[PDB]
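Novice: so I've got this experimental structure, pasted below with the sequence.
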Amino acid sequence: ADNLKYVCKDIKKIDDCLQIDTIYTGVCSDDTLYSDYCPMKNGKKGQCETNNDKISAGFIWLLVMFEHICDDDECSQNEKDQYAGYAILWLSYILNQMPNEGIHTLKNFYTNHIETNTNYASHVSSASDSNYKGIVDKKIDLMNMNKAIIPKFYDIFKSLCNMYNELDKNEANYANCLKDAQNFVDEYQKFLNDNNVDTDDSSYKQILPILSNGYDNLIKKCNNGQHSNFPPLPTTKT
């Protein structure tokens, strides 16, 4: 679905607002953006004192926003799985950026900082479901199974998000869509080659739908205001 239009927008919004000194992607458009999701401090309302508090609140804000993409905020099993995967991919990227954190500390960070935030159980609809915990655990395990490629894979996802942002502003006149799609497929082919990615690996097959569905939707949307022959997404290392 055209879900990446919103996912890419929401991730950019939370990135600029993370307020963490060591991580800088931009200026916060709204200082109160995730304040509603800050963890409690000594039984009192949270203000987000630590970097872990801000990441935790930012992650919950993401999940809450992604669920809004579903009709009536009622996500199917497939939507819950897809949105948990996007949020946990972003979380892996953040932990990889943070010094003294990483994909190796992701499971620990989730249990000690996300499940620990009182706003996770009350605002994320599926938080208490055992089916949801299984989805989250699988996504965390997938990040660990692919830990060596996850930071570079995220850069490819970011390049895909840049095309979605361009389409969002140009609307029916994204004249550079074909040129950008060709640069994207070449950049992705280089990612497979440089990292010796076996696209038939079980773990890689479960993160690949983020790019394969995302790219397929993007070129279908560009071909709504133009008429171009877009290159197919690379299938293997070359």
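Specialist: Thanks, I have the structure now. Numbering: from 1, shown residues only.
Novice: pull out the buried positions in stretch 11-30.
Specialist: 11, 12, 13, 14, 15, 16, 17, 18, 19, 20, 23 (16 or more other C-beta atoms under 10 Å). From N, CA and C alone the C-beta is placed, and that goes for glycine too.
Novice: residue closest to the middle of the protein?
Specialist: Note on the chain: the residue nearest the mean C-alpha position is residue 86, at 3.4 Å, using C-alpha atoms, centre = their mean.
Novice: what about the nearest residue to residue 45 once chain neighbours are set aside, how many neighbours?
Specialist: Distances taken as C-beta to C-beta, 6 or more residues apart in numbering place residue 38 nearest to residue 45, at 7.7 Å, with adjacent residues excluded. Counted with other C-beta atoms under 10 Å, the neighbours of residue 38 add up to 22.
Novice: now the buried residues of stretch 11-30 in CSV, with distance to residue 147?
Specialist: Below are the buried residues of stretch 11-30 laid out as CSV (distance: C-beta to C-beta, whole Å):
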residue, distance to residue 147
11, 20
12, 24
13, 26
14, 22
15, 21
16, 26
17, 26
18, 22
19, 26
20, 21
23, 19
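Novice: residues contacting residue 136?
Specialist: 84, 88, 110 (C-beta atoms under 8 Å, 6 or more residues apart in numbering).
Novice: my read: the last one touches residue 139, true?
Specialist: The one in question is residue 110. No. Residue 110 lies out of contact with residue 139 (C-beta atoms under 8 Å); the separation is 9.7 Å.
Novice: from residue 83, how far off is the residue nearest to residue 45?
Specialist: Using C-beta to C-beta, to the nearest Å, residue 38 is found at 21 Å from residue 83.
Novice: next one: phi and psi at residue 41?
Specialist: Here is the backbone geometry of residue 41 (degrees, to the nearest 10): phi -130, psi 110.
Novice: helices - which of the buried residues of stretch 11-30 land there?
Specialist: Of the buried residues of stretch 11-30, the ones assigned to helices by DSSP state H are 11, 12, 13, 14, 15, 16.
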